[PDB]
Every structure is written in C-alpha cells, then in structure tokens.
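>>> got a structure for you, letters missing:
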Ligand SMILES: [Mg+2]
Ligand SMILES: [Zn+2]
C-alpha cells in the first residue's frame, strides 16, 4: 500500500481569508496593489512582491498588525478534527505557507507542531518590516517562490506515497501537479480543472476528512491495522 502524505496551504485554505492581503488593505499605502498585480501578472516573483509589500510597512506597526491578524483570522470549520484524524492515524502532515510565522504560529498553537509548519519569517528589527525566507527554492525550482512548496515536498516525501495537496492559490499549481489528489478552492480549483489534475472541491475540513477517508488508496493503507 501507499502511505498518505498531506500538505496544506495556510492563508485562504486553513483560514477563511488571505491574511497578507488583509494586512495590506488595513495598513499599507495603495502601492501594495501594484505589487500584488505584478505578482499576479508574473512581472514580480512571489518572493520579490511579498517582500516589497511588507517592506512598505514600518516595523513600529508590529503589535497593531499582530493584533489585527489574530482577531481578524478565522480557522475553517473542521480543521481541528482533521488534524486529530491525521494524528490518530499517524499520517504525515505539513502546513506549507507563504505567510509569516508571527501570525501562522499563534493561529496554529495547540493544533500543529512547529516541525510541521513551513513558513516565512518577518523581522521587525529594521525601520521597515524585513522577510527571511528559510525554505527557498532548491533543486529544479528557480521560480523565486520565497517559500518553495515543490522543494519542501520533494525534501519530505518518500517513494510511492499518496500525496494529497490542499489549497486555494493559483500560485500553488506546481505543488498540485506533484499530488495524486488535490483538494482545491478558488483559482487553484480552476487550474486543476483546466490542467486535468485529479481533484475535489471542498467547503470545509469536515468534508476533506470524509473524502480522504474514502479514497481507495487511503482505505487500503488504513486497513492494514
Ligand atoms: Mg492560500
Ligand atoms: Zn521554488
């Protein structure tokens, strides 16, 4: 049998909204939209665009931003029960995200351990917010992703695993192409349908857990116990 291996995005997938976007709408000058549009058009890399977006913001905003995000962000229904199911079955599980640990960590506290969280780091030691990118592109990726999901997936997975990707962003199509099944919303769902990637839509993680359990290859794997 083939062991399941699950990777899951954070902003817009685990949370209802894109926390980077909401930070920018709330604190950034209008120029942030031009940077966003450059990332969308592929004029700017993710790393370059996101870096420049956070670099609009004075580090003196640390606590207001942190406070804003933790009260703004809402976790999608069923997520806790889903991680409990992962744990119950000892399924490899990783959150791989372009977000910043100053909000990803507190939002996942008591649910996901830090060795399962691959995200970027925002520093507040300079005049303007600075990003460190500890999981950047290696190997065959040279796309300046910032947090390189394909590179992390190749690093962590093993031969013959049944790779399940869960996401929402159109920029995670390369990760979805590596999956045997993609749970997709929003523009990622359109990309999976367009490129004929094996996929399923989802409203919440109750639905995700139910569907995962009844994937043939997952059932086979479980029924060795
Ligand atoms: Mg997302
Ligand atoms: Zn990359």
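Yes, it's here. Numbers count the residues shown, from 1 in each chain. Ligands and ions are numbered 1, 2, ... in the order given.
>>> secondary structure class for residue 183?
When classified by DSSP: H, G, I helix; E, B strand; the rest coil, residue 183 comes out as strand.
>>> ok, it - contacts?
164, 165, 166, 167, 199, 200, 201, 202, 208, 211 (Cβ atoms under 8 Å, 6 or more residues apart in numbering). No exception for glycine: its C-beta is placed from N, CA and C like everyone else's.
>>> now the one residue in the chain that gets nearest to ligand 1: how far from ligand 2?
The chain approaches ligand 1 most closely through residue 12 (3.4 Å), counting by Cβ to the ion. Distance from residue 12 to ligand 2, counting by Cβ to the ion, to the nearest Å: 19 Å.
>>> which residue packs closest to that residue, ignoring adjacent ones?
residue 168 (4.2 Å; Cβ to Cβ, 6 or more residues apart in numbering).
>>> so what's the one you found up against?
9, 12, 13, 184, 185, 186, 187, 188, 189 are the contacts of residue 168 under Cβ under 8 Å, 6+ apart.
>>> domains for this protein, by residue range?
Following curated CATH domains, the chain resolves into domains at 1-14+76-97+135-225, 15-75+98-134.
>>> what about the strands in this structure?
Assigned by DSSP state E, the strands in the chain fall at 4-8, 93-100, 117-123, 130-132, 162-167, 181-184, 199-201.
>>> contacting residues around the spatially most central residue of the chain?
In the chain, the centroid-proximal residue (Cα atoms, centre = their mean) is residue 9; its distance is 2.0 Å. Shown in contact with residue 9 (Cβ under 8 Å, 6+ apart): 95, 96, 97, 166, 167, 168, 169, 172.
>>> Go again with 7 Å.
Contacts of residue 9 were listed using Cβ atoms under 7 Å, 6 or more residues apart in numbering, and they are 96, 97, 166, 167, 168, 169, 172.
>>> Which members of those residues are the farthest-apart pair?
Farthest pair in these (Cβ to Cβ) is 96 and 168. Separation: 12.9 Å.
>>> And residue 168, how far from ligand 2?
18 Å.
>>> ok, back up a step: please dump the strands of the chain into a markdown table; it should also carry distance to ligand 1 for every row.
As requested, the strands of the chain are exported to a markdown table (distance: least, Cβ to the ion, whole Å):
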| stretch | distance to ligand 1 |
| --- | --- |
| strand 4-8 | 10 |
| strand 93-100 | 8 |
| strand 117-123 | 12 |
| strand 130-132 | 17 |
| strand 162-167 | 6 |
| strand 181-184 | 11 |
| strand 199-201 | 15 |
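>>> would you turn those into a markdown table with distance to residue 223?
Output for the strands of the chain, formatted as a markdown table (distance: least, Cβ to Cβ, whole Å):
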| stretch | distance to residue 223 |
| --- | --- |
| strand 4-8 | 13 |
| strand 93-100 | 20 |
| strand 117-123 | 30 |
| strand 130-132 | 44 |
| strand 162-167 | 14 |
| strand 181-184 | 18 |
| strand 199-201 | 21 |
